[PDB]
Every structure is written in structure tokens, then in C-alpha cells.
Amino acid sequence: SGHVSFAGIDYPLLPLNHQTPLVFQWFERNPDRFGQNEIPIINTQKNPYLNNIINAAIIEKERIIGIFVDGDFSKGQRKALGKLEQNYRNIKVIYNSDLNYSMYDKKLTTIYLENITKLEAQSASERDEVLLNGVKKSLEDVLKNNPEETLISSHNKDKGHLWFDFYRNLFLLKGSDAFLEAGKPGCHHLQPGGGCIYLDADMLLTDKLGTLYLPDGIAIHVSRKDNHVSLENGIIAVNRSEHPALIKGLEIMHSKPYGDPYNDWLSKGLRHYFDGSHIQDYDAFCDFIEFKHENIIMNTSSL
């Protein structure tokens, strides 16, 4: 079609053409279980992840493919990627530390003390003292722990999947202009404030994706088994840098103590923006936001 309507509001279908880079990501806690001249991306039998991107990149030799990486990498491991970039020159390895996220950041001192004030400003007979006293101990712990400690800094490598699911959302905010910001070669063909298509390393290209159309230029993976529909972070495709729906999620992250990239940033951001007042069902959003492609065997890690 040319559009789709949700919550009574109308939403045009927006193009994501074959310029639009595929993004994969690998945040690796333990680089030293790799060879120091091995590509520090996993290719195990159960998770032959280094293999899934290459085949992706081969199936799409004429759209850019980004590999969003992060971890304390040996010089030789960085040149394993280097070989990977010249041996296949649509692949672009991008180090998380080579991007500046200061414009999207916030201090937990700030974030906590905000909520402390909000709660203290409410009636004592209404208010969440149980929460009121948790944010203050969180407060008490960050002061001692470090004063200048932030949202971004918190979702660190020590923190498990939050480490990479948080920075994912940031990446997409920066979109295709991030190929430029790290300085990656042969990316002049990317359009400015242009989108991207993140993919779990396990979503399998089989055939070409071509030119995608989306409601407002955004869609995410939705899983449906056996009957339990959820939103998934394992595909995220936007048509531009700093898409609003994710922007709203970054605000919720700013305005919530203990925000979660999955619960708050991804899920509620999308849906509040698409459905601020919850007039359509959850599922009826899941359907509306679902990313459909027959040429990808979705989320093969479940097998």
C-alpha cells in the first residue's frame, strides 16, 4: 500500500532503499578467549556468528554493512577486523569508543535527585515511599561509588545484555551518519541523517532484501510463539537519524529511575509515540510495528 492507520492517526509508508546499511553488533566481554589474531567475533557451531554476517554481506555486495563492535581489543584483533574490511569492502567495522554520545547522556545524580524531588513533592498519603526510599539509597550508593557517573556509563560491559542493547538504541539514533563520524571509507554513498537496519547476527539473509517500506519509517522484530506476541530488539530498522519514537524512549530513560532499554526505551518509546494513550491493544501495535521480510530466517538462535 501507500500508508497505514493506527489509533485513528494516519501514517505514510516511507522508503528504505538499498543504500541503507545493514547493521550487526558484537559487544564482547572476554576478548581473551579469542586468539589475538582471530576476529573477536564468535563463530561457534551453535553460534557461528562471524559466519552469518559475511554471508549477509555477500548476499548484499552493494549495500553497506556495519559491524558495531566494542570490547578491550588487542592490536592484532583489531587487524583481524582490518583484514575483514579489505577482504570484503562493503563491511565497515565501527568501534563504540569512536562515537561520541554526550548529546544523549545524563548523570544518575541528576536523574535520581529529580525523582527524589518529584516523590517528596507529592502527598505523603499518596506516595510511593517504598520507591522514595530506594532512589535515595541508589543516590547514597552512586555518591560513594562515583559522583560523575552517567546513564551511558552505567550500561557497561559489566552489565550484561544491557551493555549492547542500550548502545544499540544509541547507534540507531546516530543512524547512517555514524559511518561518517568514525571516518569509515567508501561511505560517501550514504544519505545524510539517513537510517539503518540493525540485525541480530542470527537473523539470516537468504536472498536480497531490496527496498523496504515502513509505517513512519520504523519497524522492529516481533516474535509470535506459540501465541505470545512480544516486541524484540533483534531487528531495528529506521529511515533517519534520531527517529522520534526512539527519541521519546531516550526521554523515558532520562525521566525514569532504573529505565530499561527493552522495557522503557524500545517498548514504551515506540508505543507511547505511536499510541500515547493506549487506545489500541498491545498486539494491535505489535502487528502495526512488525517488520516483515521473507528473505530473512528470523532469530535462528532459538534453535
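Sequential numbering from 1, following the sequence displayed.
Engineer: Highest mean C-alpha temperature factor of the two stretches 25-33 and 233-241, which is it?
Structural biologist: Mean C-alpha B-factor is greater for 25-33.
Engineer: Report the stretch with the higher mean CA temperature factor, choosing between 252-260 and 46-54 on the basis of the entry.
Structural biologist: Per the PDB record, 46-54.
Engineer: Can you tell me which of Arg168, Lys92, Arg127, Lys144 has the maximum CA B-factor listed in the PDB entry?
Structural biologist: Of the candidates given, the C-alpha B-factor peaks at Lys144.
Engineer: Identify, among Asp105, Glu149, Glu120, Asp202, the residue whose C-alpha carries the highest B-factor in the deposited PDB entry.
Structural biologist: Largest recorded C-alpha B-factor: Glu149.
Engineer: Ordered by C-alpha B-factor within the chain, which third holds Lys268? Give me lowest, middle or highest, please.
Structural biologist: According to the entry, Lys268 has a C-alpha B-factor in the chain's lowest third.
Engineer: Ordered by C-alpha B-factor within the chain, which third holds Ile289? Give me lowest, middle or highest, please.
Structural biologist: Within its chain, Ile289 is a lowest-third residue by C-alpha B-factor, going by the deposited values.
Engineer: Name the third of the chain's ranked CA B-factors that contains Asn227, choosing lowest, middle or highest.
Structural biologist: As the PDB entry reports it, the C-alpha B-factor of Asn227 lands in the highest third of its chain.
Engineer: For the chain shown, is the CA B-factor of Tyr88 in the lowest, middle or highest third of its modelled residues?
Structural biologist: Highest third, going by the recorded CA B-factors of the chain.
Engineer: Lowest, middle or highest third: where is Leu173 by C-alpha B factor in its chain?
Structural biologist: Its C-alpha B-factor, which the entry lists for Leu173, ranks in the lowest third among residues of this chain.
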